[PDB]
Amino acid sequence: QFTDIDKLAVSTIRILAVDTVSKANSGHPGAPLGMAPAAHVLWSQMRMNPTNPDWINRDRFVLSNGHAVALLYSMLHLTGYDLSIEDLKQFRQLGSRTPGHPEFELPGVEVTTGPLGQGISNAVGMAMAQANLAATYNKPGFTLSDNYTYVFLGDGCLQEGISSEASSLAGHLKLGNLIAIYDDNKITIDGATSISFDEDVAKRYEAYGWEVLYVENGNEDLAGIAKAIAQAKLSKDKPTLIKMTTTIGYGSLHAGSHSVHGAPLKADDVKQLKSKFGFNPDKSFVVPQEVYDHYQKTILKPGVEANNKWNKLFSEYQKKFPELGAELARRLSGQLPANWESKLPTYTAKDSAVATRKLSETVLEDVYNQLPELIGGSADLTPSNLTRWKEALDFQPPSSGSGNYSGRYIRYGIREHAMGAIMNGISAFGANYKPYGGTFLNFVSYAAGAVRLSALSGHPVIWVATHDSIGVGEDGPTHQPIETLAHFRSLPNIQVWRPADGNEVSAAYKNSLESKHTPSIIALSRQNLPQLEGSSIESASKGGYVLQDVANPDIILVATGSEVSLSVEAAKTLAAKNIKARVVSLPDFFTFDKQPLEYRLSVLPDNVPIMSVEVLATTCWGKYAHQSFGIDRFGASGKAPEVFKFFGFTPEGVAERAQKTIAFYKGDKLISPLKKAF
């Protein structure tokens, strides 16, 4: 039941968002103007505590079409979050809390968006995480988890393949608490949708297993939008898409035109809009008291009240179920179980040679019972990635017979990019979720859109990237990574681990799991690598360390992954010719760089030529080495041992190159590459 105040509220939102775009003289006025009625209706009906944006059982809202931020920021201020008019007045300004696109970092903003297709897929992960939480802690009498996941999306999000991957998955999993409202406005940047997007979205979504509702008058039908959302909530075993038709830039003189998509409305156009809406065309950033009063009563106070009930029920739960309550309390506090690192495996050079890919599996089998917040999966490569623990139950709808929602292993299908985004949503949900997904290192590139966002936002997700090099073999160049690590090591805020043996894999996993704001990629071998004499979790945890030392080395050999052993071998060959080579291992650039200069300079000193060894791109090595032995061309289809020989990665092949580096520099004074002038 809506009244004049609801209508007063809707104009305040449209005008506030417009004022905000115009003051910055940069921005997107269109969608905010067309989606305002939907926001009012939706937010009014959401269970959230603006004073605790962290409440675990809060209804969650994702703005997939991020360019419409002015709408998100307006709502945040009006409903009582930590966002003032002053903040809105510095929208898009260097240093403001109001950047051009929503960032995870701010309270009320659930994930960072801007790149189309990412928010809808993130919301899918958020709903999977809810389904899991509820199935794991809910007990009769204690419904600790039951929140909904709402999303706003545009034609752009529906055009990007990633949202298709996620919607396919979403429908298979039968995520009925996921409700998406689609801004069907018929406009995108180039112009009208018919110019390149004339497909039947409704029919495509039903094919996924989704429910589709329609709202023909999204510009004014508040009760219609209200009914569509309500019916949507009855869809228990089907996620819902509400195709709501609106007019881009509603109220504007150029409404319905793509000119109102991404430019501040012209001043006179703004004046007429205000007037039309009963506002003084001469004043800006005006919020009628009646609107603050309305949201206070409809949202803020009932939400606070709900958060309070939730806390009492939870305290009762901790009384009735001490083990579960303690666990949920801990996950909610964001701590990992005490001394969990104790269950991590350690080795000696006495043990057998294992593919780092299998050592990884061993780790999983060892910590899965220690970490109930660990939820894994693979994008159709479970047996190649070795990413499933034996006692795992799959995350599937109960009606499948293959598993249930309390399951902790996800079958992603061949959808790397969606996996990347779903993982971000699971991480973004809370309760200390530690998601990881597996694929071949070469195909993580398919997910670069999502991965960059794991780094930008700081979601500590884990990629179990197997088949890291030409060691892959016969599959060939289309499968063998070359530029992969160099790429990811150029991206800020992401660990790119490439462990050499058992001890190094445990360090890769301890640092990745202990991480709170940095995602990770663990590049694992297909082939067998031996256990090194000199490795350790403590030393590998530093990102880089001296594996084998000599007094007065003639050369320092730095390697990663499968090349550490080869370098160890090359050093034996070199010792025979009386050349002393110190061998350094560098499992992670990121972690190593984080160490204090004096440590790093103790591993990579002055006055010693340093040559790196890694069967991938050499373009990133200049920051640690003087000379580099790598592969700057695509691979080959052949038996792995033969492919290595063909590229010169033979012990004596490496030794020859160390000898050439010593000769080349003999007589020169050398500076560690670590040293910078400014």
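Just count from 1 along the sequence shown to find any residue number.
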Should the higher mean CA B-factor in the entry be assigned to 201-209 or to 223-231? 223-231
Tell me which stretch, 431-439 or 480-488, has the higher mean Cα B-factor listed in the entry. 431-439
Out of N280, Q289, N424, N493, which one has a C-alpha B factor higher than all the others in the entry? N280
Reading the B-factor column for Cα atoms of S585, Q318, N147, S163, the highest value belongs to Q318
Name the third of the chain's ranked CA B-factors that contains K669, choosing lowest, middle or highest. highest
Sorting the chain's modelled residues by C-alpha B-factor, tell me whether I5 ends up in the lowest, middle or highest third. highest
B-factor third for the C-alpha atom of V613 within its chain: lowest
Report the third (lowest, middle or highest) to which the CA temperature factor of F285 belongs, ranking only the modelled residues of the same chain. middle
Check where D554 lands among this chain's C-alpha B-factors and tell me if it's the lowest, middle or highest third. middle
